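Here is how the chains run, residue by residue.
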Amino acid sequence: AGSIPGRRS
Amino acid sequence: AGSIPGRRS
Amino acid sequence: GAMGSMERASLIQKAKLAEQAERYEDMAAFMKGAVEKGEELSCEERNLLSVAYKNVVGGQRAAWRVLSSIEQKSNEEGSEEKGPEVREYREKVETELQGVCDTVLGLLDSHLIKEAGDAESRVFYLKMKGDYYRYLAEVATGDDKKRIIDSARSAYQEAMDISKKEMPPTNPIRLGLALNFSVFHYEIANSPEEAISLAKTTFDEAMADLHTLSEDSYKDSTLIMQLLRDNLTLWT
Amino acid sequence: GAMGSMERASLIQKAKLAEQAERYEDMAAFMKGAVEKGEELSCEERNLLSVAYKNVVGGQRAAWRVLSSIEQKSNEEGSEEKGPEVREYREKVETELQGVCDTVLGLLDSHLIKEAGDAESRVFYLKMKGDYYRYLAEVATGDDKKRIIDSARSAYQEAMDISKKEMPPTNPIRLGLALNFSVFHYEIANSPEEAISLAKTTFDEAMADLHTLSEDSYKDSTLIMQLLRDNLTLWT
Ligand SMILES: *Cc1ccc(-n2cncn2)cc1
Ligand SMILES: *Cc1ccc(-n2cncn2)cc1
Ligand SMILES: [Cl-]
Ligand SMILES: [Cl-]
């Protein structure tokens, strides 16, 4: 299950 | 130009 | 802090440089210094703060999962005793992860959330608060695991309430909040039906609002809708 | 150091765990503690030391290159003044990289190399010494850049002399030493013809010795021969 990756602005 | 990657034992 | 002597603008500039260099520990320290200047954060600055700490804690969570899996295998039937080392090192990584989460939660509590009046900023910070309590919940086992879970739920719920009142159903912050809250339901709260229902309702209400969007906003919203769809495909 | 209270065997065990968790800073600290126990390192332990620091400095070199490229663009004709931040942050990363290289060189000098009597250990450590002076040379600009380059050359040359006397031409340490020394010639010493000649002679002499090898040793040697071939393809 994937949350928001949010690792690149 | 590539040296020995050497990042995995 | 160590960043007290650097200009706010320089901290922001160096946080952007650190992202380009994939130096996320530095990026997080720079953005922590920027927050501690005491001024509110712009939309772009909030994203820099989030990206920095998500990468830092993301590496710690990945390492904790590797070590927790090794530890569980060592405590099975037929496993040879290897000593305290696996547990000790998992605890070390776990403690470092909890420290990062506490640092982020401290920034939100002192004083980002109380000064955030617009829906865009307030929902963003409350989503962050839910996320980092969720990461604490992933490793929690003791007297406070239930309170950590309820702290995550409470922050997500307040963010959801505001976003439903103040944002269109396609707003990317609203969509990402619902995505992560659904992951909370599935992975943390043992409520897979609530997770599936939230993901479905979020997706369908966004779909019906796409016609109002520009080409660029459409791309932003449909990207996150696909993440909702990916989870539903995995869960059903 | 901070590892003085942990058992040597536990440090080695945790270094292996840190590699699995991709926690290379931890891995390097664990192996530094193991070295500082004062006993010589086994073949496997030498590899753990090398892998840990290669990953750490590899991340720093990648970041330094990103930042150095940004810095050079800012100092071109028509570039807008952005202030001291890019230079300052490149210097910070550069200083951290130099500290790691100095730490590794200090471990080799106190006292890994002087206690290394077998060709396998001595060539391994001298190759390491050449590598980390090479990394120092990549960022050097001042009064000592020539001395750093000669320190790299001298360590590589001693390792080469021993490996040609004591190891077969297919030995993976001998092959990797020649590969990196050729990269030194091409990238650091401005001697591309020496780099090409060394790579070619190393490849051809290994090819002629492959018939003596087992299937598993053949796989090890041909892998590094392909790296020599890749460089020759790029250089010619
Ligand atoms: C929490 C969150 C929501 C949405 C996004 N995002 C990604 N691309 C556009 N918007 C990031 C983080
Ligand atoms: C310096 C060096 C030489 C060779 C190897 N290697 C990789 N696979 C087998 N041997 C690693 C590092
Ligand atoms: Cl530990
Ligand atoms: Cl800096």
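Parameters and conventions
Here the residue numbering is sequential from 1 along each chain as its sequence is written and may not follow the entry numbering; residues with no coordinates are omitted from view. Here the convention is simple: chains get letters from A, ligands get numbers from 1, in the order in which they are written. The side-chain figures draw on all heavy atoms in the structure; neither hydrogens nor water molecules are used. Residues with missing side-chain atoms are left out of burial classes, side-chain pairs and their counts. UniProt positions are given in the numbering used here, feature names are shortened, and annotations may be inferred rather than shown by experiment. Throughout, a residue-residue contact means that at least one pair of heavy atoms, one from each residue, lies within 4.5 Å. Going along the chain from the N terminus, every DSSP run of H or I of four or more residues is numbered as a helix, and every run of E of two or more is numbered as a strand. Here the nonpolar core consists of buried residues drawn from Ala, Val, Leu, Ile, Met, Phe, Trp, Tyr and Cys, with membership extended through side-chain atoms lying within 4.5 Å. Type-normalised accessible area, obtained with a 1.4 Å probe on protein chains alone, sets the label of each residue: buried when under 20%, exposed when over 50%, and partly exposed for intermediate values. One heavy atom suffices: a residue is near a molecule or strand as soon as one of its heavy atoms comes within 4 Å of it. The accessible surface values rely on the Shrake-Rupley method and a 1.4 Å probe; as for residues, cover is taken only from the protein chains in view. Just so you know the grouping, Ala, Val, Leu, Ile, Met, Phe, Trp, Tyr, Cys and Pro go in nonpolar, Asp, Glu, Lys and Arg go in charged, and all remaining residues, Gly too, go in polar.

This deposited entry lists X-ray crystallography as its structure determination method and 1.8 Å as its resolution.

The PDB entry lists chain C under the name 14-3-3 protein sigma, with Homo sapiens given as the organism. Within the Protein Data Bank, this record goes by the title "14-3-3 sigma with RelA/p65 binding site pS45 and covalently bound TCF521-028". Per UniProt, the comment on chain C under Sequence similarities is "Belongs to the 14-3-3 family."

### What about the interface of chain C and chain D?
At the interface, 24 residues of chain C touch 24 residues of chain D. Contributing elements (two or more residues each) for the side of chain C that touches chain D: α1 (8–20), α2 (24–35), α3 (43–74) and α4 (85–112) of chain C. For the side of chain C that touches chain D, the element with the highest residue contribution is α4(C), accounting for seven residues.

### Examining the nonpolar core
In terms of nonpolar packing, the biggest core is built from 131 residues, with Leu49(C), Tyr125(C), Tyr132(C), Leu49(D), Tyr125(D) and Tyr132(D) touching the most fellow members. Those residues in contact with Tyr125(C) that sit more than four places away from it in its chain are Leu41(C), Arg46(C), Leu108(C), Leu112(C), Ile113(C) and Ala116(C). Counting 16 residues, the second largest nonpolar core, distinct from the first, contains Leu210(D), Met225(D), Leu227(D) and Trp235(D).

### Side note on the site of ligand 2
All residues adjacent to ligand 2 are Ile4(B), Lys127(D), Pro172(D), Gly176(D) and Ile224(D). The residues that come close to ligand 2 belong to more than one chain, namely chains B and D. A total of 330 Å² of accessible area belongs to ligand 2 in isolation, and the protein chains cover 66% of it. For the shell around ligand 2, the per-class residue count stands at three nonpolar, one polar and one charged.

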